[PDB]
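Reading through the structure tokens given below for one structure.
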Amino acid sequence: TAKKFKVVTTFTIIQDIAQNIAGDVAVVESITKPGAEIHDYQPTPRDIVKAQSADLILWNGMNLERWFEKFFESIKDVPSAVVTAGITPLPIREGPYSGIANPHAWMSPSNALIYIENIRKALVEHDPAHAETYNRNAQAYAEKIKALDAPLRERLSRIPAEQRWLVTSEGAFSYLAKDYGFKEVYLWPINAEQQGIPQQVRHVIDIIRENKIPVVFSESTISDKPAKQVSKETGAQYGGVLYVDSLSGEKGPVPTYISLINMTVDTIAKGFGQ
Ligand SMILES: [Zn+2]
């Protein structure tokens, strides 16, 4: 093919969803590499000229990419589209960012359907020559995503409701916890350069000890040391790494949005003895 419509995304979750909609007619690339910390990412000149070569830039909004506004004002004549219109935000519950939208809306499979619609609408609006392809690819992919919820809901429901305590590092799982009826505990409400983490470690250690919570987790773009200290000082198992803010590379263990949701739920479920 002569040349394909070029789409660039802020991070890897959006890249994979968008690439499933784009199929063979457009190439979708993430600005951030898999594994990069996305909230406070610092773009380089390489990143700017990459977005500058695109025909469309997709971003999450909802207070995720603190770096996006400054980055985008460096780009000339490239349209952007936020992919989260129509999602009901959940407010952050604790800390300095209390009350503002929790950005991690893709961790509810139901919300992924809205991500799909907004990305489809953006691709059709900006590359209308391939509307039928974007529309059919969005339809087929939405059907897959609709089918994601049922086995996960069933698996997690076998954990007695009173025992559903999800203890993580970043409070990045609020939308998944809402869907499947978990109560939330975390070492920091949202990724940021911040004081107070060693103090919250002790506070969470209390809550683990009081409620005899069996398991604690970290996440794949942040340090596992606080979660491992929590499990060391309590009885609780270190349940491993959850996947939320990044996919892996294409030959890694979490190459797709579908694998991210499925593997995060599997790891949570195994932590509770299924
Ligand atoms: Zn995050």
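If you read the sequence from its start, that first residue is 1, and numbering goes on from there.
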[X]: which residues meet the side chain to side chain donor-acceptor pair (under 3.5 Å) condition with it, sequence neighbours left out?
X: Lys33; value: none
X: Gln274; value: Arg158
X: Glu65; value: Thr10
X: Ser110; value: none

Do [X] and [Y] come close enough that some side-chain heavy atom pair is under 4.5 Å?
X: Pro214; Y: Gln237; answer: no
X: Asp55; Y: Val78; answer: no
X: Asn191; Y: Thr221; answer: yes
X: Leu152; Y: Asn262; answer: yes
X: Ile116; Y: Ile17; answer: yes

Flag if over 12 foreign heavy atoms under 6.0 Å of [atom1], [X]:
X: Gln42; atom1: CD; answer: no
X: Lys232; atom1: NZ; answer: no
X: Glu250; atom1: CD; answer: no

Between [X] and [Y], does any side-chain N to carboxylate O distance fall below 4.0 Å?
X: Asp24; Y: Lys4; result: no
X: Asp206; Y: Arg202; result: no
X: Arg66; Y: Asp40; result: yes

[X] side chain vs [Y] backbone, donor-acceptor pair below 3.5 Å:
X: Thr256; Y: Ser259; result: yes
X: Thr267; Y: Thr264; result: no
X: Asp16; Y: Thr12; result: no
X: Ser218; Y: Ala227; result: no
X: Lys212; Y: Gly235; result: no
X: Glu219; Y: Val241; result: no
X: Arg209; Y: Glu233; result: yes

Could you state whether [X] and [Y] fall into the same hydrophobic cluster, counting links through intermediate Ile, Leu, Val, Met, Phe, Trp or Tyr residues with side-chain heavy atoms under 4.5 angstrom apart?
X: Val216; Y: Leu156; answer: no
X: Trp188; Y: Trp165; answer: yes
X: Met107; Y: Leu58; answer: yes
X: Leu166; Y: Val265; answer: yes
X: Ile159; Y: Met263; answer: yes

field: Distance in Å, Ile38 CD1 paired with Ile13 CD1, rounded so as to fall on 0.5 Å steps
entry: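 If we round to the nearest 0.5 Å, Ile38:CD1 and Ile13:CD1 are 6.5 Å apart.
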Which pairs count as ring pair (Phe, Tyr, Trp, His ring centres under 6.0 Å) when at least one residue sits in [range], sequence neighbours excluded?
range: residues 108-141; value: none
range: residues 65-84; value: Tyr41-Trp67, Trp59-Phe68, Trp67-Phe71, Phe68-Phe72
range: residues 1-38; value: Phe11-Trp106
range: residues 212-266; value: none

Transitive ILVMFWY cluster of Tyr97, excluding itself - 4.5 Å side-chain cut-off: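 Via sub-4.5 Å side-chain contacts, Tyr97 links to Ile92, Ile100, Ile190.
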field: Steps toward side-chain contact (heavy atoms from CB on, under 4.5 Å) verdict (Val28, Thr9)
entry: CA-CA 7 Å; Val28 188; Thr9 69; 3.5 Å; yes
field: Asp47 versus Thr44, side-chain donor and acceptor atoms under 3.5 Å
entry: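 Judged by distance alone, the side chains do pair up.
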query: Is there any side-chain hydrogen bond (donor to acceptor under 3.5 Å, both in side chains) pair reaching into residues 172-182, and which pairs are they, with sequence neighbours excluded?
result: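 Counting only pairs at least two positions apart or across chains, the side-chain hydrogen bond (donor to acceptor under 3.5 Å, both in side chains) contacts touching residues 172-182 are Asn102-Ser174, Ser108-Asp179, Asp149-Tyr180, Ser174-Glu184.
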query: Residues in ring pair (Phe, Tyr, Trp, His ring centres under 6.0 Å) with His39, at least two apart?
result: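 Only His104 meet the ring pair (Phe, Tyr, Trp, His ring centres under 6.0 Å) criterion with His39.
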- request: Hey, could you give me each pair passing salt bridge (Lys or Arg N to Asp or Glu O under 4.0 Å) that has a residue in residues 123-140? Not counting sequence neighbours.
  value: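 Applying salt bridge (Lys or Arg N to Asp or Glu O under 4.0 Å) to every pair that reaches into residues 123-140, excluding sequence neighbours, yields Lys121-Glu125, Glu132-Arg136.
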query: Which heavy atom in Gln52 sits nearest to a heavy atom in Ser74, and how many Å separate them?
result: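 Distance-wise, the nearest heavy atoms are OE1-O, 4.2 Å.
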